[PDB]
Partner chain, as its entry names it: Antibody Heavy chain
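Listed next as structure tokens is one chain, alone, in the form solved without the partner chain.
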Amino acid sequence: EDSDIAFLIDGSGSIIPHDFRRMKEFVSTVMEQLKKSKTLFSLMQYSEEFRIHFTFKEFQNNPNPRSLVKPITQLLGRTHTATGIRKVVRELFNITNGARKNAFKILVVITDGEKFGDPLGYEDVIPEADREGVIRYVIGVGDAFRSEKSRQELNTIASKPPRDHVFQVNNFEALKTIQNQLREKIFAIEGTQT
């Protein structure tokens, strides 16, 4: 009714288990400060395959992100963020999965490397997400997003403007510092005034 927030975490083999932990720390901590009375969460991990960890329907039964994020293990493989977000709009945001209709749907993606080995592109996924009204936010973590040529793909995953939905971090630990802005920009439904 309020909002349906889905988290998309990368499970590539480039990310080390220790850093993958920092990622789960982030999503759980962010999930807590964004835990409202009508806000549900869903999370899907991706590499070459896709593994849903929890949908909105079960998060309603267990509103504790720390107990649903703790048993999360790495998949290991390459990156398939295109086909991944496609599944989010069709499966994660599905009514039968607990997703509510007329509710604000926001998607956040956390990846460490450029999309490699994905049979699908952004052109075949993004325009679909834009239709249903799913707003996205992307977080770039790693050397893969240090070049402006790579930053462009981040601007494709997220919604316009890029200077409002694209976050960049050098290490998984520094993710704690972006938690503040993410929280504020996820609560800002419209441009307020000073």
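Numbering follows the first chain given and starts at 1.
There is another form of this protein, the form solved in complex with the partner chain, and it is not shown here; the text below is about that form.
The partner chain in the deposited bound form is not approached by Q179, whose heavy atoms all lie more than 4.5 angstroms from it. Using a 4.5 Å cutoff between non-hydrogen atoms, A103 does not count as a contact of the partner chain in the deposited bound form. Not displayed here, the partner chain is approached by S14 to within 4.5 Å at the level of heavy atoms in the deposited bound form. Within 4.5 Å of some heavy atom of the partner chain in the deposited bound form lies at least one heavy atom of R51.
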